Each structure stands twice: as C-alpha cells, then as structure tokens.
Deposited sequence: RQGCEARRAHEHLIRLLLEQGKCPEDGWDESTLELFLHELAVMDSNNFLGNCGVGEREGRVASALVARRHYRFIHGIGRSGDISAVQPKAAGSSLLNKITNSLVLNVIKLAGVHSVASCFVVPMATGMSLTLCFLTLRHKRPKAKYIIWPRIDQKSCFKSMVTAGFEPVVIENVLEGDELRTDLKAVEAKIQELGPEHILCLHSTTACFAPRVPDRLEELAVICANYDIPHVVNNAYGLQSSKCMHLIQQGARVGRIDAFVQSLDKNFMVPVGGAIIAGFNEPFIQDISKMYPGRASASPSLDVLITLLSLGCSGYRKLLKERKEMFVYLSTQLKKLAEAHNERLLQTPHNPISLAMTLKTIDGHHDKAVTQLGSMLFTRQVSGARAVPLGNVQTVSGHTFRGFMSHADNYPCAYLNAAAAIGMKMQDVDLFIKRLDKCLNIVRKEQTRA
C-alpha cells in the first residue's frame, strides 16, 4: 500500500532521528510537514484561543508559505508539531556534523540567528561562567560580523596579528600565549579562532590552540562559519577536540546548506555546556531556519549532501586550475595557499602600483559585469570597526606583500560560475592594462 510506504519513511525518521540515506520525494516530505503542522494548537479544528500568543495569521500567503507553522520554536505544549520539528531538525544536523567530519560531536542546536549573533550568544553564556573575564583573544580575520560579535557581547577583543609563512597568513601561536600571560588567564573570556576564511589567510592552528586552551583552562570557541562544507576544516576541529580543548563550534546554515541567510548551528563536545548556551536564549524564536534545513536535508538525504561535498572539492580543483592558467597568462600567479581548502587568490601586481586605484576599480568592473563574491584586495586600506583600527583592512595583516583577487569554491558552485568568472576577469584585466599602458 501506497500510504504505508510514506509512513515507513516518516516512522524511521521519527524513531532514529537520522538523515535518510536517499532523499525523500516531495510528496513524502509535504505529507510529513502537513502532519506535523496539524499537531500545533493554532491548527486544531476544535481550538479556541484566549491568550496573547495564539499563532493567529492574517494573511493566507504568510500561513501557506510557512506550512502553517506559526508558533516558532522553544528550547501542556502549545506547539507539539513545532517542538517535534525542532527536535528532529537538531537530530538531523547532529548526524550531518558527524558525516561532515566531526564524528565525536556530543550536542548541537539550530539557532535562528546568523553566525555573528550565534557567537555573541556563546560569549554571553561564558560571561556567567567567568565573571572576572573581560578579554577575547582573537587571531585576526577581516570580517566585520565575527569581530563585532565580541564587542556586541560586551567584551574587549584582543587582536592577534597573523604570521606570514610563504604566501599564507597563519596563527601566531607565540603571540597568543604572550597575551594570555600578559593579561592573565582568569581575565580571558575565551579564545575565538576561525576555520574557513578568505585566502591567503588559512584556518587557524586549532590543534595547537586547543592545547593552549586546555593548559591555561581558557574556553575555546571556534568560528566555523563556512567550514562545515570542508572535511579538512572539520577534521581540524575533530583533531583539536581530541588533543586539547574546544568548547563550542559555530557554523552558518546558509553557507553550508544552501538555504536563506538567518540561522546557525552551535555545537560542542560537552552536552551540559551546549545546553547551557541554548538555555541562555530568552523566549521563543523563528522556526523558519529549522524548517529550511529540515526540508533541505530530507530532500538531499545523506547521499545528496555527500555528493555536494564531493562536487565542491571537484570545483575547487577546477577553479584553481582555471584561475592559475588565467593568472599566468596575465603574468600573475596563484598564491600558494595549500592550507586553505575553499578560498584562493591570484596576484594583481601587474595592475597595482600605478596610483590610480586600479585594484579597487577591478572589483567594481567585476561587480558591474555580474560577478558576485570576488574580492579585489588592495594594499593600505585603513578601517576602524567597533573601536579597533585595522591597517591593511581586507588583507588580515598590516603589510601583506601584494594586492590580490580572491575567489572561492563553496558548496553549490557550478562549472558556469567558474567559466563566466574567468571569461569576465580576462576581459577586465585586458581593459585595465590597456588604460594603464596609454
């Protein structure tokens, strides 16, 4: 019987909480969602509501687009279907974290805030654990949201400059320890490290930082914003947890799962602590990020997600081979950034140094040609963000040797993304050089 086959799939999901190997048909998915929504009190046929939060909906377009899930999520029930939705979604995500390369993950939850505010929530929770602490030690990465996250939480970021090793910018482990000793471990809220990042920065030395955190008894929060899509980044987290201390790692829903911006996952190795972060959240929250990742994971299944991850690696190879060929044809080179598995950079030395803002102009030319996501990084940008002045802003160092153009192979990239980029970049560079050579 037709209906029993759908029931079987739904039952296997409910009982184990695991991502199905193969993706569900849309029919099964919508049957499931409609069944869950029926469980929420706002949807009961016999319901009468006499409170201030009844999940009433004025617009049919709004009700429908959300599959009639109106009550949001929490951490007798007013929304039994939404609670089941939350629980299942968190189970699927824990599973996917394991699939992605952190097999020893203990606990996780979706929070419908993006990664910056999600990091803030971790810091807000740590405040109560460490009431003496005022500082967050942070290996520099020129991205405003993660920097702000510390200031928003009410802490003083201690910016640790990176080391130039060949073309790569890497964790200055000695500088990290020197600041710990200077300021006093009891005065440090946590170390706040970062995995996936713009080349030529690479993921932080998490093994070594984890040892430092263990030894000094300082919490360690990892900004894994877009590292979940990378088995290399995820292995770093796993290894870090094996050899030292990692208290939480945070990742974007949109960047790793191809869903709208708005949600993140907070995960860790100590269940009581991760639950403490969740409990620190005041009030109900949007169910929309959770619904998006639930639909996506059930539709892809383990196989579909694994396929995307494999395809990302394949596209990274393709982008790298194509960008290196282009670069060399224009007497540039691909920066040597073997430790960055997602992001890469070619030099822009041939257009830089003419005192004409050509590097910045190139970024603009790419944008006008409907290339999104490229970063043309010039030398000497100065920018002040929330009390800190960054010299060499965009380059994660005060004195990076050259200007460069940064592109990345993130999950969902297609051959046409690479091919169009290369075609357009070639044209733009030819235009700039023509203009510069009279």
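The deposited chain is incompletely modelled, with C-alpha atoms absent over 1 to 4, 80 to 86, 450.
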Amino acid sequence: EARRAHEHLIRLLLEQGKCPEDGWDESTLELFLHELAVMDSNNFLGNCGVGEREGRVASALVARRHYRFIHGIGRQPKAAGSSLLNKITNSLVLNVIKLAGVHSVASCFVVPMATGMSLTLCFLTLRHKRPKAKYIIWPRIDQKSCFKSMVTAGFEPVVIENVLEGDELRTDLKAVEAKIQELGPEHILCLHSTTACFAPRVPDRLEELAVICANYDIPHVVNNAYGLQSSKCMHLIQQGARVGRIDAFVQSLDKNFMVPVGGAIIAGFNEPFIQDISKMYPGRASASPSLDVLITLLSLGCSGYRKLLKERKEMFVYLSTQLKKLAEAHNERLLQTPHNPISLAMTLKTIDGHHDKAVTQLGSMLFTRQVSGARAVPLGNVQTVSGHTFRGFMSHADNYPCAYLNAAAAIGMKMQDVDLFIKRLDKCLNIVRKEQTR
From here on, numbers count along this sequence of modelled residues.
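Annotation for 360 to 368 versus 190 to 198: the higher mean temperature factor (C-alpha) is found in 360 to 368. For the two regions 3 to 11 and 429 to 437, the entry's Cα B-factors average higher over 429 to 437. Per the deposited coordinates, the residue with the largest Cα temperature factor out of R140, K313, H354, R245 is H354. Of the candidates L173, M150, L344, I266, the one whose C-alpha carries the top B factor in the deposited record is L344. Among the modelled residues of its chain, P219 has a C-alpha B-factor that falls in the lowest third, as given in the PDB entry. Remark: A133 belongs to the highest third of its chain, ranked by C-alpha B-factor as recorded. Residue-level temperature factors show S59 in the lowest third of its chain, judged at the C-alpha atom. Residue-level temperature factors show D40 in the middle third of its chain, judged at the C-alpha atom. Ranked by Cα temperature factor within the chain, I411 sits in the lowest third according to the deposited record.
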